[PDB]
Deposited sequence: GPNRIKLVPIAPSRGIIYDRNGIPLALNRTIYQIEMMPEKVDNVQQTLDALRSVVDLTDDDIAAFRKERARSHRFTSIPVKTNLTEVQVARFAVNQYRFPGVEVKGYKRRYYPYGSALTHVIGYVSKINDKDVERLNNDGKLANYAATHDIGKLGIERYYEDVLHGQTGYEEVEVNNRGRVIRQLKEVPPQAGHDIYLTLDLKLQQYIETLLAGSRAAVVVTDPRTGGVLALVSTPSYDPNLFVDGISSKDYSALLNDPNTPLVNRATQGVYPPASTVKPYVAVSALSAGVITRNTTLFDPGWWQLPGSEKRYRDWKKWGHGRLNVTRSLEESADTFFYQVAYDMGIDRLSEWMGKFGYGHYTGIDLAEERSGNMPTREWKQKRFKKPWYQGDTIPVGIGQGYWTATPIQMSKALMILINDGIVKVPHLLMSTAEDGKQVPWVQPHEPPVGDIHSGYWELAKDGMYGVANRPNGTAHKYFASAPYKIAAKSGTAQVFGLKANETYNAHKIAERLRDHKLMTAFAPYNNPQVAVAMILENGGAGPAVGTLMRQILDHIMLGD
């Protein structure tokens, strides 16, 4: 009688929000299955199982077809999703059905569904590119009994910790290959539980605010860089994929022109526009090409020296006399056109790159785009034409070749809040299992510019003005708040993309928000939605 070794799959770790609410759970699902070769009389067995587990003609139909579409000595399921009564009935009848097995499979469950789709992700059936990627990473050995895998979001980024360590059992089998006894069991070890920085009730609220629009919101705590909410709408139900998604259901997702499969927060690539003016400002003050007192007269436009090329301000007849404070307050373009010209693309890209633009943020998701912070070398490689000085000008106001993601906006915003300290936006607070907590540790990111310098306060004071002073572009959204709001909006490029960044309270910022409504959103203005979000958080 031969002794077989049989892998035991591990139980997948739980994902919890910042308050211990489980966001990704396991459910056991029961089926009876058989290897027909190991079943003496298949027909007799099927018919007697009508009585025992309420086996139906359709169940048998599905059985024989799946029996065809399967390799020799494959275990064919006979009946799936058994009720507990049905398992108990089969259990007390097990001895009549040698070669029929009852088995439990842990499946993944997402209780809050579409509110956490892009950030949490889903696990679903392993396919051939999963196999390949596991075999390159040299992890395949540990999946001998594992059949699902993180496909995106946190479920994929942390697949390795969530999965656990496969175990194994020694079982005795008879002449016909049926297990009669278990000799030894070396149990698996559950994957680690992971605790996220997310606030689930804040994420559901924001998802409610965003209803109908193509939008992304990132909310962070700038004191820690944690992601309190990262939502992309429209979304979809991650539970659809867990037990295998309908191709009807799946083609409906891909064919949605509102592209709900896209994580807009990390893969949405847009011109950052005016939202960059605070960072361009800090950069110019540090570079020394402007001053707290630098002033220019804006007629509503700006002309490139040695050229008839004129760039426009949004105010048709100008903002009159502008310094950096007032330019941030009223989101003047002319001031920043000039700043860009003086900075030069070289210095300008180098500084904006230090705020994170054009680079991956370091967030712990695998779905991410880097956007584009243009350089001479990049323009050369991408178009084999050299850099012209008029290419620098729109970069001053976050346009031209410049594109960024809302998670990049977030990183940059937090740097400004922290006076050049670079905090990576992250979702993981800690790991666990087996009882030992490992906290998420910030990678070494050297600061931007200089901490002691007073330019950080200057640019932030301007954002306070945007939100609070009568000439600020966002006064109507934020002035009346008890806590002090600082903000900076932008408009990009069908209708225009509406962007808003903000943080609160201004004295001791507890929350940072970058958000964007594609083509203006479906209802409220982005400034109204920002107020409501900052209200919900601060009460």
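Missing from the model, by position in the deposited sequence, are residues 1-2, 496-513, 560-561.
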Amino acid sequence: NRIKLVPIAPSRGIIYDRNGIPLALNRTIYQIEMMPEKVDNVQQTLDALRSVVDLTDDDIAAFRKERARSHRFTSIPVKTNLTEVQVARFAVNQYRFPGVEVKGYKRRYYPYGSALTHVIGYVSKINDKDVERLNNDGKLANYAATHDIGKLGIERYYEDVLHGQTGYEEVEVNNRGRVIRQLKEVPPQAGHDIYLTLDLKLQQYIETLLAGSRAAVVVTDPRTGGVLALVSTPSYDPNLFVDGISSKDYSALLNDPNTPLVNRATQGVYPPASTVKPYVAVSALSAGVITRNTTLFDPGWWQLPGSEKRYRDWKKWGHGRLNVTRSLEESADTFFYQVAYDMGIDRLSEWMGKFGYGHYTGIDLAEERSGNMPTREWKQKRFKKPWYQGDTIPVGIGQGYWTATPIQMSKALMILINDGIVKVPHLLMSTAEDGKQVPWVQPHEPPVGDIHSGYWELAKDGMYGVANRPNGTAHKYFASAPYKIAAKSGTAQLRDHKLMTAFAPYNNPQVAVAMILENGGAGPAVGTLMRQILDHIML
From here on, numbers count along this sequence of modelled residues.
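On average the C-alpha atoms of 433-441 have higher B-factors than those of the other stretch, with 230-238 and 433-441 being the two compared. Just going by the entry, 501-509 versus 23-31 on mean CA temperature factor gives the higher value to 501-509. Based on the entry's C-alpha B-factors, the most elevated value among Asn258, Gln408, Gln182, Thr83 belongs to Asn258. Of the candidates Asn263, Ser286, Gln94, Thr220, the deposited coordinates give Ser286 the top C-alpha B factor. For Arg89, the recorded CA B-factor ranks within the lowest third of the chain. Only modelled residues enter the ranking. In the PDB entry, a CA B factor belonging to the highest third of its chain's modelled residues is recorded for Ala492. Per the deposited record, the Cα B-factor of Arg214 falls in the middle third when ranked against the other modelled residues of its chain.
In this PDB entry, the Cα temperature factor of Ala68 sits in the top third of its chain's modelled residues, the highest group.
Among all modelled residues in this chain, the alpha-carbon of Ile421 has a temperature factor (C-alpha) in the highest third.
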